């Protein structure tokens, strides 16, 4: 029985962490690019994980399959279309999906990701391709889907271009910029490309989210908020380690994009402490529940909703509350945000 069988909102899910294994196999074969396995089941076992790794050890899983998607236009549109297909099945009415356009390009991107041969797919092309597959997905399945473009921590030289792509594709479908990748890279929040991207975003009214406090110190969160000027924090669990900062963000009504299942598997949460999400619920924080990389974690949104119901006693009422909070914190323009809120209340009566 599904933990919560009513419309849900999802803010934090990576397109390139949410690809069908069957579709990765399909493209490895069509293109003749290697894969670490040859049937769907063995691919799941290898790419997927059921025991905690460190964050760099988790991020390496992408290496297995990205090469089979990157630089292939049919593949990029197709994963975006099937993304909407999946989320529609899970009873999501609105979802913001994030990716790095540079990590899927094979032209005008330096350093060339994945040791690719120069092709014709620029980062600008990737966005348009993903827009296309999402819009087709919307027309087919009738849920609302927007996109978030990721700066990557290790590559601040892409960040100004990420910001320009957010400006160019604003609300079609790109609603925000994000900062993702290896949180453990010393001082990465302050690399000049990242700081200046986020400054340009403030100055041009481009929405902002930042992965912080997944494995880092509370200081990485404080940097997301006070220097980068984020409006939402991805994860944020390790914020509680700093009491004054947690309380400031509570008072200022910061949104935390919690990914509970993600949390165990990246070793961000110790299974024999209280998940920070329990504290968020008792404090009536502003947070959402998110699958983060469902392909790698072998999960669906119900996975995270089951985890919190079974292991943390989340009620139907708390589920409705945090989705209402997720809607309020979405990056939709005002009239679409009101429309979403109207729908959630109607459906929750």
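Residue numbers count along the first chain shown, from 1.
- Higher mean CA B-factor, judged across 154-162 and 261-269 from the recorded values: 261-269.
- The mean Cα B-factor in the deposited entry runs higher for 282-290 than for the other of 59-67 and 282-290.
- For the set 180, 277, 129, 176, the PDB entry puts the maximum C-alpha B factor at 277.
- Of the candidates 253, 147, 122, 230, the PDB record gives 253 the highest C-alpha temperature factor.
- Remark: residue 345 belongs to the lowest third of its chain, ranked by C-alpha B-factor as recorded.
- Per-chain ranking of the deposited C-alpha B factor places residue 102 in the lowest third.
- Remark: residue 169 belongs to the middle third of its chain, ranked by C-alpha B-factor as recorded.
- Split the chain's modelled residues into thirds by C-alpha temperature factor. Residue 189 is in the middle one.
- Among the modelled residues of the chain, residue 73 sits in the middle third by CA temperature factor in this PDB entry.
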